[PDB]
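Visitor:
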Amino acid sequence: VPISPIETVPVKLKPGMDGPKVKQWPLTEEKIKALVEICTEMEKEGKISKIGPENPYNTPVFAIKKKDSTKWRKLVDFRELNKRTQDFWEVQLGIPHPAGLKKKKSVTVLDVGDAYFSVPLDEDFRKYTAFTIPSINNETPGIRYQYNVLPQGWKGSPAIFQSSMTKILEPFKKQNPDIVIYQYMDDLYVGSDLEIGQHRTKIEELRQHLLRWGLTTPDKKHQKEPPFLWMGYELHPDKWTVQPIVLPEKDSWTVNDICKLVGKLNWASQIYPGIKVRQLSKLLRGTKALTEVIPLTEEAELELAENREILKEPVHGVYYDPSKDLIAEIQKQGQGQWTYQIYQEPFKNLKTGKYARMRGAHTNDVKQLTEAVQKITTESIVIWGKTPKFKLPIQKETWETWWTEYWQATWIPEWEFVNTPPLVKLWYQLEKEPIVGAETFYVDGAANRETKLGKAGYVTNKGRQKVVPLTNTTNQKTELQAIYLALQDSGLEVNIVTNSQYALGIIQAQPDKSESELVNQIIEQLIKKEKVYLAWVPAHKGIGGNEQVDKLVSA
Amino acid sequence: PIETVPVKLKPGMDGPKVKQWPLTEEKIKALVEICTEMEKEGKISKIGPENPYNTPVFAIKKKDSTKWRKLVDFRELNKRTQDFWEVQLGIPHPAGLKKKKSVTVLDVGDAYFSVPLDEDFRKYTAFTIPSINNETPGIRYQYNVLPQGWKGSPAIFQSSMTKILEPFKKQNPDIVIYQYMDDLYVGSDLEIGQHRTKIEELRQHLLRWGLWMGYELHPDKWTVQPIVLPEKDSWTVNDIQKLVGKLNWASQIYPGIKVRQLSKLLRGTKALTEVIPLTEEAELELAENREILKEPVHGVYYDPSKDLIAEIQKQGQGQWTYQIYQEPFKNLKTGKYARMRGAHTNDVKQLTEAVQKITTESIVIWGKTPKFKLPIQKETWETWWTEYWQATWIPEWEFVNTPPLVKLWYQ
DNA sequence: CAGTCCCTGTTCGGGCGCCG
DNA sequence: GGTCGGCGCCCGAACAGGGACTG
Ligand SMILES: C[C@H](Cn1cnc2c(N)ncnc21)OCP(=O)(O)N[C@@H](CCC(=O)O)C(=O)O
Ligand SMILES: [Mn+2]
Ligand SMILES: [Mn+2]
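Protein chains in written order, with this note's numbering: chain A, 10 to 564; chain B, 13 to 423.
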């Protein structure tokens, strides 16, 4: 066996574990002919070699069809070898995006035929990569080979190939610093600002530099004219767009069909603005059956019809100009949903997206807006390496009140106010000082752990009082209920004194939505008020009416 | 031709496997030039995916510094080698460094590149450089010498460092020198003029052995932040209610605090804005509570075997209070910062500055870095803190969300 | 007193999308 | 077909840790 020009990567097994010994599963006669034809050709090319009975290892093997081609792809079920193979550190840190591409004079895309089959495997490790090809007859013993290159299905092959591919491209990039080569596995995106005459030369130089190491660049996969098919997009000289997306329409929807639907909607949201998946993702919750038929809700059908109407119109993105600023604008879509557009020129979006995660049982629009800014910031640093300038639907005075008075440290980068309703605001403000001329309510609540029974009420300075028995409640729910009672039975200005750290901490965060229906009712009462002053006092210390109302609600 | 000191991990622990976080364009360009120059000088060498270990890497600029500085987050690797830099080659901490009039910090991290690293241990110093828009896969490296930011580097270099400082310590026996991570803390009671002159004598003394930057400190001017009670001649129900709640929380630190007579003033169901005159027994209880807060807490002393913990509270208007402790309510030190960089505009820059100032004080006083309880959301902190970091070390931290109770540390 | 539990937040396991 | 790696989203279950009350 000849020595491959590429330096091999030393690979070990995990200490104290042998190679795989799995029996070959039955294959269809149409897949057997495809494997024997490929295994015979790879054996002639030195990619696989025969093994005798001295090799005690075996691993199942199969093959799948290639997309838009008659050739086949050989795959190995190395699920047992990957468990006992040493851990690798993946060098693929992410997926490139066309919004990060800069405009170049010329662009060339070329693929590598049989990429894994042109990179050698460690000689001391080729033993465990043994497979058996069944013949057309079950009584025939079959032919056993071992891999001399990177197999398809081994957990180390992609990490080894990406690092091996980078080492081969290093001398070319070093000699040609003004050439941009986007390297994703074997797919090479080559662009340059050189004249088109010298560009084809450098392309052929690269095709000859890769040929010295066994990497073939077929002219079949060669692309010289736009539009270029790169990473599932359509690259044009001045714009880009995703390849056509097909949403499956089903009269009877299963849970797996919803996962296939939501997945394509998230993929479409990178350029198509306004995609919602809130109502459709509410179908995947609480259900534990992929094949179960699920009916579409009225809100899910409306959300799906809106997404289909957005996918009717053609959208396109633009490329990145490093000479102009990066701008990201956010809009409040629904309740808990947010969308954004990253652009440099108006209406020429580089890309779009959406944020809709629900963090915490109690939140407000300002918190969710801060979370969306951070998600866009990290996303922009990945693609462009810089933080964009934000346009936010929140008043400068509104944000100034929030971040200064909040106990946590929070911050938003350089931004400006854009007046696009609905505007993010604060729905109520707790007073910093007690209100003169306002009734002072001393609230308290308690409950029994066993009987799940409790009381809740208040005592005021004007003699007003109330106690309400509660069933199937907790100490926390009663103390929240006591504050709700004081808000119901008071005027537009009210001073409330509680001893509940739990209830006070929730209200002081100024929430506008809550998973608890009780807190939502408390929020509704707080918006109707004009001045609310909450105050905390220690319990069991005999303070004001808090002691008198503690003894009233103790049972 | 230097012999390597054998280093091993703690028994029953593997190396660090931390993913690299995204980096900005200015930081990646700075890391490429640095790592190319370090590779050309044999300090680092490229590796492959067969190394399962990795440690994040980013770049910083020190205070008033224009040059980028490579910084590795060896926090996970330092935890998995703790028995090395404490049991075998430990560094003593001089108790007189915190008592000096002036202390200067020197960046001597470039001296670690002169000592080779143990071949069997270089596998754990691996790090990956990201690329913008993932144009290329990660460019991996590993260290061939003593890395900057690793707690094993000053321990191995300690023997070489003492023999370099022996001529200077002999001529200046009153000057205290402490080495922590990539920093050298030089303190003296000399006048500010001749103190900087003695620093320059040490810089040229270090340049001969193959060493720049200067950050001045004054530990004698460090003041604590005590618990203070208001001084009012007209108290209301709301004032007394807040006074009792504050004294009740402070009673966990001072067991002699009493609120019995002050609670008797809050017997009725009175309006908050109503003025309440203080009784004769309540005035004595408030005055005695003020005198107790002047006394030091009973039984508070530093334990070298316990970790340091630092809590930070956001007080608004650029005010930031902090307490350092090992056991709850036994604060070894309290303090307050104000008008730091980013005041009245950026909380994350103020908080990042505070963590650096608190960590620096913990190095001078105890020679240990504290674990911070940060009043910030995890996603908010992990998004911006590298944009403002200006130190060669990185302390450990956890995120807390404690809504304000009775403003104990700030009036 | 240590033992719970009520509440809340985080982490991870698993499905899909997409790329090679 | 039911192979691998990367990134993204969605969800629930398991895990983790602090107030408040009780033997
Ligand atoms: C091996 C390398 C990476 N790669 C792609 N797919 C897989 C897979 N399923 N399992 C493991 N590695 C995979 O692929 C690059 P290639 O080999 O040069 N051309 C593709 C054909 C693509 C098509 O037209 O469908 C192939 O033959 O894979
Ligand atoms: Mn290919
Ligand atoms: Mn109560």
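The beta-carbon is built from N, C-alpha and C at its ideal position, and this holds for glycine as well.
Give a single yes or no on whether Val-99 (chain B) has its beta carbon closer than 7 Å to a heavy atom of ligand 2.
Guide: As a position in the second sequence, residue 99 (chain B) is number 87, starting the count at 1. No, Cβ of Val-99 (chain B) sits at least 7 Å from all heavy atoms of ligand 2.
Visitor: For the segment 99-127 of chain A, list every residue whose C-beta sits within 8 Å of some C-beta in chain B, in sequence order.
Guide: The segment 99-127 of chain A vs chain B, Cβ under 8 Å: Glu-99, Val-100, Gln-101, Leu-102, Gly-103, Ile-104, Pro-105, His-106, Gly-109, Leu-110.
Visitor: Against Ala-283 (chain B), what residues of chain A qualify as contacts under a CB-to-CB distance less than 7 Å, listed in chain order?
Guide: In the second sequence, the residue the question calls residue 283 (chain B) occupies position 271. Neighbours of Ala-283 (chain B) on chain A, chain order: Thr-449, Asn-470.
Visitor: Applying the criterion that 16 or more other CB atoms from any shown protein chain within 10 Å of the CB defines a buried residue, is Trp-378 (chain B) buried or exposed?
Guide: Residue mapping note: residue 378 (chain B) aligns to position 366 of the second sequence, counting from 1. Counting Cβ neighbours within 10 Å, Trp-378 (chain B) comes out buried, since at least 16 surround it.
Visitor: On the three-state DSSP scale, how would you describe residue 587 (chain A)?
Guide: Given a span of 10 to 564 for chain A in the structure shown, any question on residue 587 (chain A) remains unanswerable.
Visitor: Can you say whether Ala-167 (chain B) is buried or exposed, counting buried as having 16 or more other CB atoms within 10 angstroms of its CB?
Guide: Locating residue 167 (chain B) in the second sequence gives position 155, counting from the first residue. Per the 10 Å Cβ criterion, buried.
Visitor: Which class does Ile-40 (chain B) belong to by DSSP, given the choice of helix, strand or coil?
Guide: By one-based count along the second sequence, residue 40 (chain B) stands at place 28. Reduced to three states, the DSSP call for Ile-40 (chain B) is helix.
Visitor: Do the segment 329-342 of chain B and the segment 282-290 of chain B touch if we need at least three Cβ pairs shorter than 8 Å?
Guide: The segment 329-342 of chain B is not in contact with the segment 282-290 of chain B.
Visitor: Using 8 Å as the limit for Cβ to Cβ distance, is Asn-373 (chain A) near chain B?
Guide: To locate residue 373 (chain A), count along the first sequence from 1; it is residue 364. For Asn-373 (chain A), the answer is no, since every Cβ of chain B falls outside 8 Å of its Cβ.
Visitor: When the Cα atoms are used, what is the spatial distance from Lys-522 (chain A) to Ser-127 (chain A)?
Guide: As a working mapping, residue 522 (chain A) is identified with position 513 in the first sequence. As a working mapping, residue 127 (chain A) is identified with position 118 in the first sequence. Taking the straight line from one Cα to the other gives about 57 Å.
Visitor: Answer yes or no: the CB of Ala-124 (chain A) versus the heavy atoms of ligand 4, is any distance below 7 Å?
Guide: Ligands in the displayed structure: ligand 1, ligand 2 and ligand 3; ligand 4 is not one of them.
Visitor: Suppose only complete runs of 3+ residues qualify. What are the beta strand (DSSP E) ranges in the segment 13-62 of chain A, listed by chain order?
Guide: Segments of the beta strand (DSSP E) lying fully in the segment 13-62 of chain A: 57-59.
Visitor: Are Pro-142 (chain B) and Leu-378 (chain A) closer than 8 Å when you measure CB to CB?
Guide: Along the second sequence, read from residue 1 onward, the residue named residue 142 (chain B) stands at position 130. Along the first sequence, read from residue 1 onward, the residue named residue 378 (chain A) stands at position 369. In this structure, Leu-378 (chain A) does not lie closer than 8 Å to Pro-142 (chain B) by Cβ.
Visitor: Out of B:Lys-361, B:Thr-381, B:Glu-300, which one is the CA nearest neighbour of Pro-316 (chain B)?
Guide: For the purposes of this step, residue 316 (chain B) is taken as residue 304 along the second sequence, with counting starting at 1. Nearest option by C-alpha distance: B:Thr-381.
Visitor: Are the beta-carbon atoms of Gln-32 (chain B) and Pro-64 (chain B) separated by less than 8 Å?
Guide: Counting from 1 along the second sequence, the entry for residue 32 (chain B) is found at position 20. Counting from 1 along the second sequence, the entry for residue 64 (chain B) is found at position 52. The answer is no: Cβ separation not under 8 Å.
Visitor: Which complete alpha helix (DSSP H) runs does the segment 158-204 of chain B hold, if anything under 4 residues is left out?
Guide: Qualifying alpha helix (DSSP H) stretches, in chain order: 165-168, 170-183.
Visitor: Distance, Cα to Cα, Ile-47 (chain A) vs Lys-83 (chain A)?
Guide: As a working mapping, residue 47 (chain A) is identified with position 38 in the first sequence. As a working mapping, residue 83 (chain A) is identified with position 74 in the first sequence. Looking at the two C-alpha atoms, the distance is approximately 8 Å.
Visitor: Can you have a look at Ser-261 (chain A) and say buried or exposed, based on whether 16 or more other CB atoms are within 10 angstroms of its CB?
Guide: Taking the first residue of the first sequence as position 1, residue 261 (chain A) is located at position 252. With fewer than 16 Cβ atoms within 10 Å of its Cβ, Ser-261 (chain A) is classed as exposed.
Visitor: Rounded to the nearest angstrom, what separates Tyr-451 (chain A) and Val-558 (chain A) at their Cα positions?
Guide: The sequence position of residue 451 (chain A) within the first sequence is 442, counting from 1. The sequence position of residue 558 (chain A) within the first sequence is 549, counting from 1. The straight-line gap from Cα to Cα measures roughly 7 Å.
Visitor: Looking at chain A, is there any beta carbon in it that lies within less than 8 Å of the beta carbon of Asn-66 (chain B)?
Guide: In the second sequence, counting from the first residue as 1, residue 66 (chain B) sits at position 54. With 8 Å as the cut-off, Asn-66 (chain B) counts as an interface residue toward chain A.
Visitor: Just verifying my parser: in three-state terms, what is the DSSP assignment at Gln-252 (chain A)?
Guide: Working through the first sequence from its first residue, we reach residue 252 (chain A) at position 243. If DSSP states are grouped into helix, strand and coil, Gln-252 (chain A) belongs with coil.
Visitor: Please list, in chain order, the chain A residues whose beta carbon lies closer than 9 Å to that of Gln-273 (chain B).
Guide: Position 261 of the second sequence, counted from the start, is the residue given in the question as residue 273 (chain B). Result: empty, since nearest Cβ-Cβ is about 12 Å, beyond 9 Å.
Visitor: Buried or exposed: which applies to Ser-57 (chain B), given that a residue is buried once 16 or more other Cβ atoms fall within 10 Å of its Cβ?
Guide: Counted from its first residue, the second sequence places residue 57 (chain B) at position 45. Under this definition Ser-57 (chain B) is an exposed residue.
Visitor: Take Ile-59 (chain B) as the anchor and find which of B:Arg-134, B:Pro-242, B:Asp-119 has the nearest alpha-carbon.
Guide: Against the second sequence, residue 59 (chain B) aligns to sequence position 47. The candidate whose alpha carbon is nearest that of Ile-59 (chain B) is B:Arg-134.
Visitor: Going by the CB atoms, is the gap between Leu-494 (chain A) and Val-503 (chain A) shorter than 8 Å?
Guide: By one-based count along the first sequence, residue 503 (chain A) stands at place 494. By one-based count along the first sequence, residue 494 (chain A) stands at place 485. No, the pair does not count as a contact, with Cβ atoms beyond the cut-off.
Visitor: Quick check: the Cα distance between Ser-374 (chain B) and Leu-513 (chain A), rounded to an integer number of angstroms?
Guide: Residue mapping note: residue 374 (chain B) aligns to position 362 of the second sequence, counting from 1. Residue mapping note: residue 513 (chain A) aligns to position 504 of the first sequence, counting from 1. Their Cα atoms are separated by approximately 34 Å.
Visitor: Using 8 Å as the cut-off, can you tell me whether the segment 259-276 of chain B makes contact with the segment 296-311 of chain B, which would need three or more C-beta pairs spanning the two stretches below that distance?
Guide: With the cut-off at 8 Å, the segment 259-276 of chain B and the segment 296-311 of chain B touch.
Visitor: Along the alpha helix (DSSP H) that carries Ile-103 (chain B), what are the first and last residues, could you check?
Guide: Numbered from 1 along the second sequence, position 91 holds the residue referred to as residue 103 (chain B). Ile-103 (chain B) -> no alpha helix (DSSP H), and no H or E assigned at all.
Visitor: Using 10 angstroms around the beta-carbon of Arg-81 (chain B), count the other beta-carbons present and answer buried if the total reaches 16, otherwise exposed.
Guide: Position 69 of the second sequence holds residue 81 (chain B). So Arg-81 (chain B) counts as buried.
Visitor: Please report how far the alpha carbon of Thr-68 (chain A) lies from the alpha carbon of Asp-96 (chain A), in whole angstroms.
Guide: The sequence position of residue 68 (chain A) within the first sequence is 59, counting from 1. The sequence position of residue 96 (chain A) within the first sequence is 87, counting from 1. Roughly 20 Å separates the two Cα atoms.
Visitor: For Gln-192 (chain A) and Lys-229 (chain A), I'd like the C-alpha separation in whole angstroms.
Guide: Locating residue 192 (chain A) in the first sequence gives position 183, counting from the first residue. Locating residue 229 (chain A) in the first sequence gives position 220, counting from the first residue. For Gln-192 (chain A) and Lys-229 (chain A), the distance between alpha carbons rounds to 19 Å.
Visitor: Measuring alpha carbon to alpha carbon, tell me which residue in B:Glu-293, B:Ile-40, B:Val-360, B:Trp-97 is nearest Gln-191 (chain B).
Guide: The residue given as residue 191 (chain B) occupies position 179 in the second sequence. The residue with the shortest Cα to Cα distance from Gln-191 (chain B) is B:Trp-97.
Visitor: To be precise: take each residue of the segment 133-157 of chain B, compare its Cβ to all Cβ atoms of chain A, and keep it if any distance is under 9 Å. Which residues remain?
Guide: Answer in chain order: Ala-138, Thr-140, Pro-142, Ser-143, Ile-144, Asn-145, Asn-146, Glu-147, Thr-148, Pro-149, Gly-150, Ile-151, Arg-152.
Visitor: Would you say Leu-417 (chain B) lies against chain A (beta-carbon separation less than 8 Å)?
Guide: Counted from its first residue, the second sequence places residue 417 (chain B) at position 405. Yes, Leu-417 (chain B) lies at the interface with chain A (some Cβ there is under 8 Å from its Cβ).
Visitor: How about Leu-363 (chain B): is its C-beta nearer than 8 Å to some C-beta of chain A?
Guide: Residue 363 (chain B) sits at position 351 when you count from the first residue of the second sequence. By this cut-off, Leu-363 (chain B) is an interface position.
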